[PDB]
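Inspection log for the structure reproduced underneath, given as structure tokens.
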Amino acid sequence: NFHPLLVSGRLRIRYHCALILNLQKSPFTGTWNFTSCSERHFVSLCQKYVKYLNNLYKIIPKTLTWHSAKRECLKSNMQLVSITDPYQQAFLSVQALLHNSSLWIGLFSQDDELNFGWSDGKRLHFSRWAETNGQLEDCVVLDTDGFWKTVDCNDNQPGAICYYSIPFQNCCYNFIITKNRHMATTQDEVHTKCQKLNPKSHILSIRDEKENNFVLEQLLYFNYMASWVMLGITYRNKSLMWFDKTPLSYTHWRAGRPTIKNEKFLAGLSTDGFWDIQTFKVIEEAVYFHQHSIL
Amino acid sequence: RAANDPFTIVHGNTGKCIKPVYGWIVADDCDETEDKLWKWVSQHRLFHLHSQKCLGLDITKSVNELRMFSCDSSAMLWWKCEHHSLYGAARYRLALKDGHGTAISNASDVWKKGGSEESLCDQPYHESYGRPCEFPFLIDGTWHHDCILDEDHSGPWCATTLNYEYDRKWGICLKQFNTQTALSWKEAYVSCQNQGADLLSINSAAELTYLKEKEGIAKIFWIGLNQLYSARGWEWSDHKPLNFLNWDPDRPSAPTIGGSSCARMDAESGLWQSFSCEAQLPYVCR
């Protein structure tokens, strides 16, 4: 369970010890970090051979449809499951595994499974979808693997559960959703790419401190398949700089002193703002570079 | 009159009132008295009328959960009122955390009744030989709080024991010469004040002579002649003039020591003997 955003994986050419990190109710709670383990940290779980987190849950083992289960357990003034927190998702998944079945979860869309939304009326802050080529209908279920399988819920599952409880800072951005296949010479084309659109248009450069939080809050809007963030740091003049002829002031390095001499690398932005650099040996990480990423 | 009435407990700062769910407490959804009803029952307990489930404190783990419990169990359930708050088991206040009630022993919380300034504790608890009823009680597998009417008895009937299933001793819901009902004079007075009436006040000889020939009456009972005020001699329940007395010649009638501070009426000859009325005996109050 190593999410490829905080660990550099390549041809590897002072001990190392890992740990689990929490980010105060983050959509990626449970990440695995690695550092030197000579320091002092905490340990809580040790492995040997219904109310939950200010919420209430009720499970029914009846085999009924989605509307039917809603009308069934709604008589007791209860609303179907709507996952909005990582701990709630983990508890729902462990309860489904203890019940040994895939139970109902409650939501509905409006226009051809394009705008998904819970029945509570809260802004989307959590996304744990399973696949991209599975969105055949406009409903979802929880599987064994703990993901969100996009299916039709006009069927009979062995149970149900229901619960109770852009211009910004003198710059304009843009998002491109197209399909591309150019996998060569990716260091002398982006400038002429954005310059053809309109004059006085340069690649995204960070000259402030509030733009990071702004683009972070803007990111989690269409993140069904988007999980990584790209940056404009590449091989420039035998150093790790931008594309334009301008020096760097805000350092975006993780730790130590990187010495990447390759023609390109992966400068990534984390979930909370951890500066991350990943040296790549295969070019099969470009999905994720130009099709459904931030350009 | 002075009797217990169903009410609702609401928070002062936030417009939230208590709503029970299968085993816990939920958000307000208030201003509708079709389901949310609470009342006071013996041993200083709170009882829900519709759900028939009472609340208690089960101190067993590090974090004591405030769930629902059965009113017939060893749950040690009772609640009292502090100057502007509620404290339960051991200085444990019903703290609110925006939807659920827990016990964190915080000194910043207020609780009032529905749409009126009151500490919801100014009215004290109000309630087979005419013994007082026991509320609540489990009959037919369900909890009941009031003397309901059925087709078995004439009118309302209640239980006179904590466990009616093992004792099977019922009684009449007393809301008047109650013969064979031996109670204490203080108990008789508090029960007749619960009904809003007062003890017998004899003003003329006509009523007394009418009571002499009465057949359906005990030969020995109380009248209510007692000195609740320690600085005056003898008064009645209400403020009636003292002009008619029927004292006894046999006893020397010691004022305070040697005798007692209560009166007992003998109707076979019409005398008023000095005695202590702390024991059980029939009575009559108008």
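Each residue's number is its place along the chain shown, starting with 1.
We read in the header that electron microscopy, 5.0 Å was used to get this structure.
Using the three backbone atoms N, Cα and C, a Cβ is placed for every residue, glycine included.
The following features are taken from Swiss-Prot:
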DOMAIN    B:4-127  domain 'Ricin B-type lectin'
CARBOHYD  B:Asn106  N-linked glycosylation site
DOMAIN    B:128-175  domain 'Fibronectin type-II'
DISULFID  B:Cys133-B:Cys158  disulfide bond
DISULFID  B:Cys147-B:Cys173  disulfide bond
DISULFID  B:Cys192-B:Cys285  disulfide bond
DISULFID  B:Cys262-B:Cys277  disulfide bond
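A C-beta separation below 8 Å, combined with a sequence spacing of at least six in one chain, links B:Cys173 (disulfide bond) to B:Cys133, B:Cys147, B:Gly155, B:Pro156, B:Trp157, B:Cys158. A sphere of 10 angstroms centred on the C-beta of the residue listed as 'N-linked glycosylation site' encloses 13 other C-beta atoms. Under the three-state DSSP scheme, B:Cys192 (disulfide bond) falls in the helix class. For B:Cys262 (disulfide bond) paired with B:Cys285 (disulfide bond), the C-alpha to C-alpha distance reads 16 Å. Using Cα positions, the member of the disulfide-bonded residues B:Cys192, B:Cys277, B:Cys285 nearest to B:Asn106 (N-linked glycosylation site) is identified as B:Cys192. Proximity of B:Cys277 (disulfide bond) to non-local residues of its own chain (separation of 6 or more, Cβ distance below 8 Å) is seen for B:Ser184, B:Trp185, B:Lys186, B:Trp222, B:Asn226, B:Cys262, B:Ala263, B:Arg264, given in sequence order. Here the domain 'Fibronectin type-II' (B:128-175) has, by DSSP, the following mix of helix, strand and coil residues: 4 helix, 12 strand, 32 coil. Helix, strand and coil residue tallies for the domain 'Ricin B-type lectin' (B:4-127), in that order: 0 helix, 40 strand, 84 coil [DSSP]. Its Cβ taken as reference, B:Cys158 (disulfide bond) is surrounded by 22 other Cβ atoms within 10 Å in the chains shown.
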